[PDB]
Amino acid sequence: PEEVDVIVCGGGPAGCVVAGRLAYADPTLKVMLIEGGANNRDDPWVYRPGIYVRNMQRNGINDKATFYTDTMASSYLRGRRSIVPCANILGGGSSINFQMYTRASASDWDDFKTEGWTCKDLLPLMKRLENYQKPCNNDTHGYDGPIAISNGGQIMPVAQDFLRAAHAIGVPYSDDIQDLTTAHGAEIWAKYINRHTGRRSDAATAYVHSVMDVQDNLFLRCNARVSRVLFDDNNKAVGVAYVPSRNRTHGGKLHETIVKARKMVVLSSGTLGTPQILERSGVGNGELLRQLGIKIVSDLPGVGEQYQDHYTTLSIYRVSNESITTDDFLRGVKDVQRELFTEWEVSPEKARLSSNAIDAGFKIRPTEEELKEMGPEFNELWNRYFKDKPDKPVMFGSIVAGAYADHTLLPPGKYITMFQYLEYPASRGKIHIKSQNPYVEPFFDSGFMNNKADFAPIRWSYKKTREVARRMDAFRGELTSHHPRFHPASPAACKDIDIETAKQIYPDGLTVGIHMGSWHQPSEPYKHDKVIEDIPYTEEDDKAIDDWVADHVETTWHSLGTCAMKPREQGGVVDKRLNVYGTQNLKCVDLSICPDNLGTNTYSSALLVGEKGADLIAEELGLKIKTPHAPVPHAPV
Amino acid sequence: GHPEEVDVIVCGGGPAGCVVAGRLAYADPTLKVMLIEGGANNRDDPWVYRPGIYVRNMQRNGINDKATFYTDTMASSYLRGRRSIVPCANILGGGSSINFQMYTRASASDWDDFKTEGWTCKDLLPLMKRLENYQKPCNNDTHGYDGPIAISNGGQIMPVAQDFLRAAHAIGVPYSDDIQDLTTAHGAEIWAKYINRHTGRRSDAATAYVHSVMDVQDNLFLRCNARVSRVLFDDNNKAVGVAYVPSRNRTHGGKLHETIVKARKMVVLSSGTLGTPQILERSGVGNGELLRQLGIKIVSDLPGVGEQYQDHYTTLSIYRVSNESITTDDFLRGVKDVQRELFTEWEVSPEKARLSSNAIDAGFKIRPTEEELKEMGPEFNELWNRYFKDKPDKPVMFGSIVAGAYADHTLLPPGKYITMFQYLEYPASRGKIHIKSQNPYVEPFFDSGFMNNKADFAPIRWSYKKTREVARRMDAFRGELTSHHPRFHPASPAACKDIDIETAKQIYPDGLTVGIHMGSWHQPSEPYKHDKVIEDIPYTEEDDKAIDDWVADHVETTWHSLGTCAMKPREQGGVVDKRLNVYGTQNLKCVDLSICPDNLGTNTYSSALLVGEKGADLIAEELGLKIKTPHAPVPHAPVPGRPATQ
Ligand SMILES: Cc1cc2nc3c(=O)[nH]c(=O)nc-3n(C[C@H](O)[C@H](O)[C@H](O)COP(=O)(O)OP(=O)(O)OC[C@H]3O[C@@H](n4cnc5c(N)ncnc54)[C@H](O)[C@@H]3O)c2cc1C
Ligand SMILES: Cc1cc2nc3c(=O)[nH]c(=O)nc-3n(C[C@H](O)[C@H](O)[C@H](O)COP(=O)(O)OP(=O)(O)OC[C@H]3O[C@@H](n4cnc5c(N)ncnc54)[C@H](O)[C@@H]3O)c2cc1C
């Protein structure tokens, strides 16, 4: 058509819930979901979980991601221009992400300090979205929601190996680290995978294609980049203008098509996308819009400010050749890939590919002792933010059964990577547009490590995750190339592959065991007997780690906080009901609205914001949300 | 044994024929009905029920026997001296056993324009829903959900589909959830298939209407491999039965081996646009001068028997694509382990399998602007005013991306391809088919009649340019296949650009021959740049004339034959009643697409079924039978009666 009731802009977790719930709640209500990227419906490069890694390739084929590079270099990162991707496909992150089922701790929601948003307030909505298909010992999960959650088809022998090691350095085992209370414990790590079908638990098939298969009131435009919201003379959002995904017209001319809104315009276009739409619509910092030739609808300085992410570091460790890992599949060995593709088709329920291979991990929190060696600047964050907040973790740590790094830069053999990220950083960034044009790259700043308090925890994490690695059965060495630049004589210096493992990789190789060049100090072969003591570290080694953090820290795609929800005088952008200040009929509901960070992989969060926004809109339209939701394609119920 | 007498005899087991015999046999288990089909039985044959191998059925290779080839008796000045080949189906299920399985529906006005009571759109709307089991989302209530024939997006949509839509948006053809809503003249969709979403099997009419009934009742008789010669008549021109001969003429002395089977109540003719007129003519029902010259005793003088042969007119614009693109070419080539990988996939999981598609996964119906109408000349403008002007639901051209070449790969270079499959919705040009002898094995006179009306050139020309602009904007695009494109002057800015160097080297990394200019046989395209600004190919009068030549050289049938036994009054050369009775006879109907008095803007499987549904209703009431809903459950399908997921 040209006109409908609710327009949802962006087809991410949040957007898919809003559009899907409202369209099901009332079949009269015409809602249209507009998404920049492509439709994901029945795409074997979405619904199969194991091929997740490739959606982060800058290979000029991958069209499922937009890559946001920093405008200028950062001193704090020793001169590098940070890259932050995000989804360009229906589903958003849910079509391309690691599928790690994590949840925030309880206090995180209370620290929003906003009525409607306590843990207490959201707990029932949390249960409403979840389809929990694994055991636990608490009452904290839901069992008839759309989003299937499990340990997946098969757990890799390294998972329990990681756990055995975590126990040995005094992290306790728990059945569920996602019970809203835990900050220091270790688990088998669940996925957004259906235990029964082997399929990825995307938001689009759960909430949108579910509804489109049974009713005719839900409209979908994919390959459609929403330029701006259309405004009234009294600032009521009337409609929405989108352009084609490609800029491939005659003479590169703009081609806007307009769609009009009777009731609501919803901005679910992501932490990076949403502030851009608001800013080119005329809703942002007044100084910026003036210069850009944009008439001011509302003057909001915090639009596109306070960029919060999680700060990833990837410690990589060499493992035994008998170890089962993803590396040969990731390199694209032919009949490795044929085997796992065939195994998934025949038996999704036991298939290796029905997993993300991130099968174990922990949330961690430092000791009275450990806090002494983490510097003054972090201790000030601790006393203020953490000290009397026992349910908040400081670092995340998981085991990927394979290298998560360009294998074109990795030696042969088997790897595991320790996937770490900083939970509540103090650093902050920003994103502003440089034009009315919706094809120009915007100004961008990661803001990674611009606060000094963020080094001490990551450094701590490096030494900790390493003490685990060294205590595992599968461990053979540290990939020197991808590790800190310790001094060769420091006791903390790396030790690379041992000779027995090397010889196994190239049994007829002429180069194995040639000392010439002294490029590594090899490990002594594996002894199951070996007694192990913690690696000592000097102030020198601690500089080396910091330097390593500044050169190799990255985004975790856990982007939030650019349209913050807090009072307008503080800088915030939305009401408690997520209305953009000084407009009518306009709400921003996605991770943009977070005023404060969460201790979690953020698919659970984006969904929960999406459930809450559906509640708020539904009681504003006098509509009642159905439970359960429409039956979800390819699922037994 | 088999019966020597029954109630109703349906001659020809196509879509229409299958609806009739099925609906009636299910409507009364006492009613004895015999379906006689010239082709072979299609039941549980993996070269029918797998949608992915459809291409093979048009091979003229000495092996394939699921098609009869009718060639023009005389060269056509209009095609530049070439004799035109039109195949039709030679198998139970007719075209529904061997076609592209593209789900398309006529526009509302097409039916209205028959100008015959009982055949209005709103008259036929319930019968349209009665036959469908629609297995995809759409934002309308135009479809049915408990009919026999399953319709879906198939197992796996190709990445080039959504790419094609992006390019079609870039040139102002709008996206829509459903272009088959009897309403749309201008728009682009993901194109559905006559393929059962859950089983991944071909939704042919024989299994859906006939085999279903034969499983649960004893009163439906099937006689395959039986060419219907002629209709036996009474002294009062009542049809009293039918005589058939073997499919293969391989008897002692090359002799005529006729078996007779009598009909108590009705003889139905459903042998297709090409078949039915011949059966009528060699029975004594057609042009009197022709029948008097051939020594056939005249039953009914109908000059319009085998006149007004219409069709849709196809052109195939072939383009080269990136080597990382997913296409069908290697599978069509017969690369052993590509075939092996795809046959295995469909066996294990038909619900997601690439073979559960036709690979024709996106397209558009298109209508020109006033802007574009000026380009198209006086003889197409006279047609527009006369036919399309105040008929806003009628499209001029159809267009769909095939994810591969639809052409002899023996004549194609290596690499990967896509074709813009294009056809003319409502041609002005008309053809004819008449028999040459009483013998049912001699070839008839034939005349495609393609392009014998100059009005047809201009819209196809406009299609070439329009689909070419769509090609040029795609992510997968790597050039035109010069060899299979119009003969532009090489200095023209409309001249073809063939494969670029980077894509070429990928084809043959260790080839000694890649990059040799010598011969200058192709103007290479410059390598793919994601950023590239594109501008439309400009054309001249000379370029236009090149394309008109290309159209005359390379235009073909779309297998959408209709119109040989037109339903209109006898004094205007019509052949049948508004109840599809053959003028001058009793207890004889035609129910197949031969009856259509005017074209329909659609892939005609939908329309052939609808005429069968209508024919069943007409015969039912004549016999006082009520048609049962839903029909007998369909082999290999699951138990369904409203919109659902999978
Ligand atoms: C590679 C990756 C790995 C991750 N790892 C994990 C993990 O292990 N576990 C976990 O639970 N979560 C993970 N996440 C985090 C989580 O998926 C995201 O935080 C979540 O998807 C946020 O949802 P959103 O709707 O707020 O934004 P998004 O998911 O990014 O969705 C935004 C959507 O809006 C569209 N859009 C942008 N601009 C426009 C426009 N102008 N018009 C129309 N549409 C537009 C985009 O195309 C996109 O589809 C990860 C994310 C990614 C990308
Ligand atoms: C290769 C191909 C591609 C096509 N593409 C599409 C598409 O993508 N989508 C779509 O919707 N439609 C398509 N069509 C068109 C569609 O299949 C036909 O319009 C439809 O099958 C016509 O049905 P019918 O009953 O009118 O005649 P037919 O389907 O031709 O059936 C006639 C039957 O009569 C039999 N017969 C003929 N003469 C005699 C005789 N003397 N005695 C006994 N039996 C006889 C034949 O064996 C045949 O089985 C295509 C057809 C073909 C062949």
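Per chain, numbering begins at 1; letters A, B, ... match sequence-line order.
Using modelled atom types, no side-chain atom of B:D7 and backbone atom of B:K265 make a donor-acceptor pair closer than 3.5 Å. Remark: the backbone N or O of B:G363 is not paired with any side-chain donor or acceptor of B:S400 at under 3.5 angstrom. Side chain of B:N42 to backbone of B:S97: no donor-acceptor contact under 3.5 angstrom is found. When atom types are taken as modelled, the side chain of B:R250 and the backbone of B:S247 share no donor-acceptor pair closer than 3.5 angstrom. Between the side chain of B:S212 and the backbone N or O of B:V634, no donor-acceptor pair lies under 3.5 Å. A donor-acceptor pair is defined here as one N or O able to donate and one able to accept, closer than 3.5 Å; no such pair exists between the side chain of B:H312 and the backbone of B:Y423. No donor-acceptor distance shorter than 3.5 angstrom exists from the side chain of B:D110 to the backbone of B:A106, with no hydrogens or angles considered.
Heavy atoms from other residues, nucleotides or ligands lying under 6.0 Å from NZ of B:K129 number more than 12. Residue B:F233 places its CZ atom among more than 12 non-hydrogen atoms of other residues, nucleotides or ligands, all under 6.0 Å distant. Summarising the local packing, CD of B:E4 is surrounded by 12 or fewer heavy atoms from other residues, nucleotides or ligands at distances under 6.0 Å. More than 12 heavy atoms of other residues, nucleotides or ligands sit less than 6.0 Å from atom CZ of B:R264. A 6.0 Å sphere centred on NZ of B:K628 holds more than 12 heavy atoms belonging to other residues, nucleotides or ligands. Summarising the local packing, CZ of B:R83 is surrounded by more than 12 heavy atoms from other residues, nucleotides or ligands at distances under 6.0 Å. Atom CD of B:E622 is surrounded by more than 12 heavy atoms from other residues, nucleotides or ligands within 6.0 Å. Within 6.0 Å of NZ on B:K454 lie no more than 12 heavy atoms contributed by other residues, nucleotides or ligands.
Nearest heavy-atom pair, B:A205 versus B:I149, reported as atom, atom and distance to 0.1 Å: CA-CD1, 4.1 Å. Nearest heavy-atom pair, B:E37 versus B:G14, reported as atom, atom and distance to 0.1 Å: OE1-N, 4.1 Å. Of all the heavy atoms in B:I36 and B:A226, the pair that sits closest is CG2-O, 3.4 Å.
Taking the charged nitrogens against the carboxylate oxygens, B:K626 and B:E621 have no contact shorter than 4.0 Å, which rules out a salt bridge. The pair B:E258-B:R230 meets the salt-bridge criterion, since a charged nitrogen lies less than 4.0 angstrom from a carboxylate oxygen.
Taking the six-membered ring where the residue is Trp, the centroids of B:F388 and B:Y426 are separated by under 6.0 Å. Taking the six-membered ring for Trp, B:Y26 and B:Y209 have ring centres at least 6.0 Å apart. Aromatic ring centroids of B:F100 and B:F421 lie under 6.0 Å apart.
For the pair B:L92/B:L35, a side-chain contact is recorded, criterion being any heavy-atom separation below 4.5 Å from C-beta on.
Between the side chains of B:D204 and B:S96, no donor N or O sits under 3.5 Å from an acceptor N or O. Side-chain contact of B:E307 with B:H434: a donor-acceptor pair under 3.5 Å is present, judged by distance alone.
Atom OG of B:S77 sits about 9.0 Å away from atom CG of B:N452, to the nearest 0.5 Å. Atom OG1 of B:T73 is separated from atom CD of B:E443 by 7.0 Å, given to the nearest 0.5 angstrom. Note that SG of B:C565 and CD1 of B:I595 are 9.5 Å apart. Values are rounded to the nearest 0.5 Å. Within the model, atoms CZ of B:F457 and CZ of B:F380 stand 14.0 Å from one another, a figure rounded to the nearest 0.5 Å. Rounded to the nearest 0.5 Å, atoms CG (B:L125) and CZ (B:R130) are 13.0 Å apart. Atom CG of B:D28 sits about 12.0 Å away from atom CD1 of B:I627, to the nearest 0.5 Å.
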Exercise for the section: Verify side chain to side chain donor-acceptor pair (under 3.5 Å) between B:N249 and B:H257, making sure each step is shown before the conclusion. Expected result: CA-CA 9 Å; B:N249 185 17; B:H257 177 266; over 6 Å; no
Exercise for the section: Mind running side chain to side chain donor-acceptor pair (under 3.5 Å) on B:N358 and B:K193 for me, showing each step along the way? Expected result: CA-CA 7 Å; B:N358 54 0; B:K193 307 89 164 61; 2.9 Å; yes
Problem - Derivation of the salt bridge (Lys or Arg N to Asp or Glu O under 4.0 Å) call for B:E556 and B:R82 - result: CA-CA 11 Å; B:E556 234 88 49; B:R82 58 182 259 261; 2.9 Å; yes
Practice task
Decide yes or no on side chain to side chain donor-acceptor pair (under 3.5 Å) for B:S594 and B:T276, but give the supporting numbers first.
Solution key: CA-CA 7 Å; B:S594 76; B:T276 293; 4.6 Å; no
Practice task
Tell me, with the steps shown, if B:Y387 and B:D598 meet side chain to side chain donor-acceptor pair (under 3.5 Å).
Solution key: CA-CA 11 Å; B:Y387 200 104; B:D598 200 25; 2.6 Å; yes
Practice task
Tell me, with the steps shown, if B:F114 and B:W111 meet ring pair (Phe, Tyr, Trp, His ring centres under 6.0 Å).
Solution key: CA-CA 6 Å; B:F114 278 23; B:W111 301 115; 5.4 Å; yes
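Aromatic ring orientation, B:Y313 versus B:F450: tilted (interplanar angle from 30° to 60°).
A cation-pi arrangement is absent between B:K365 and B:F398, since the terminal nitrogen or guanidinium carbon is not both under 6.0 Å from the aromatic centre and inside a 45° cone about the axis.
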